[PDB]
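So this first bit is one chain, no partners, the form deposited in one PDB entry, shown in structure tokens.
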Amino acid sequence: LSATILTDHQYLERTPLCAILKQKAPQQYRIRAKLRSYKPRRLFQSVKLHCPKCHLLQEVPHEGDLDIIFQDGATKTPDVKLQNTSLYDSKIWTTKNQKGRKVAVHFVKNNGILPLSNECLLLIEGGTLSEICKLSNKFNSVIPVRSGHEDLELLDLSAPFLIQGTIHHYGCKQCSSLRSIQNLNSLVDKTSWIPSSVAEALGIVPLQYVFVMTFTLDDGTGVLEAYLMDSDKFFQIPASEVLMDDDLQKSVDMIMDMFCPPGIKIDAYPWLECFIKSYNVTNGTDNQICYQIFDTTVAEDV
């Protein structure tokens, strides 16, 4: 008998939106209203990448842009290696019929021995996005790299620094000064590949996939513009994986369709009992009151 539930703050009492809109900020309330309006109307452009430190909001790169970057990466031949292969082994394929393309797969060694594919870390040069995709769905980790002039270095941070399954991991280009691949030796846990510990060893500060949405709620006393910025709590759908799977993309399509069924009246809309926080934003000596949605998630909808 309510479409979204609070995950905390259930001792509070419901505040009407007319009372909130004239109140001082910051303050935290408990509301329940109906979703009259929301942006974007096109949900595929709701997934962005928040940098947890510098609070950078940016777009998840396009897949076609990813496909071009790796297609362009196929060039000449690598830097081989050197007495450097103490951390990893290697195997260079020569391709026929592709302008002399020669990929370089490098297998990270666990304490000196090589592991199984389910706990291995791959290092590719000149791979194509599709070949990157299928490598990721059988191996544990795939880090696309290039041959620097001394040691293997990462790509431009437009391309992910880590790929495990359907999750591409991006580092913030503005607050992450890189360390090169041979700093992965510093890991004490070289069987479990924690993206946070790979990013830390590389000096990469990772971005966060978060759904960014704007809601126009209405409880009958006034409408409110509540922002929704969350990673994997609200929809119970991880924003890290959503752009790589029909089933999760489809599932958030129908959840918004039950919040706001387009085609019928708002009389038959379900209530959204949310917990919001108000705060003061400044754009000069401008001063707005705006509201973020917290501690809320859908219930019984999978």
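Just count from 1 along the sequence shown to find any residue number. Take the two forms, superpose them, and find the largest set of C-alpha atoms that agree within 1.5 Å; that set is the rigid core.
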- Segment of higher mean CA temperature factor, 90 to 98 or 220 to 228: 90 to 98
- Query: Which has higher Cα B-factors on average according to the PDB entry: 75 to 83 or 125 to 133?
  - Reply: 75 to 83
- Note on the structure: Comparing C-alpha B-factors across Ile194, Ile113, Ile163, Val188 in this entry, the winner is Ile113
- Query: Going by what the PDB entry lists, where does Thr15 fall on CA B-factor within its chain: lowest, middle or highest third?
  - Reply: middle
- Note on the structure: Binned into thirds over the chain's modelled residues, the C-alpha B-factor of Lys48 lands in the lowest
- Sorting the chain's CA B-factors, does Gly148 end up in the lowest, middle or highest third? highest
- Message: Looking at the temperature factor on the CA atom of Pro40, which third of the chain's modelled residues does it land in?
- Response: lowest
- Message: Splitting the chain's C-alpha B-factors into thirds, which one does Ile31 fall into?
- Response: middle
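Missing here is the form deposited in another entry; even so, the following discussion is about that form.
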- Just one entry of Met256, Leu56, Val47, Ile69 has its C-alpha move 2 Å or more between the shown form and the other one under rigid core superposition, and it is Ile69
- Does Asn283 count as moved between the shown form and the other one, where moved means a C-alpha shift of 2 angstroms or more after fitting the rigid core? yes
- Message: After core superposition, I'd like to know whether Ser196 moves between the shown form and the other one (criterion: C-alpha shift of 2 angstroms or more).
- Response: no
- Message: My question is whether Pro160 is one of the residues whose C-alpha shifts by 2 Å or more between the shown form and the other one, given a fit on the rigid core.
- Response: no
- Query: Shorter or longer C-alpha distance for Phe161 and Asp79 in the other form, given it differs from this form by 3 Å or more?
  - Reply: farther
- Work out whether the Cα atoms of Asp79 and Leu162 come closer together or move farther apart in the other form than they are in this form, the change being 3 angstroms or more. farther
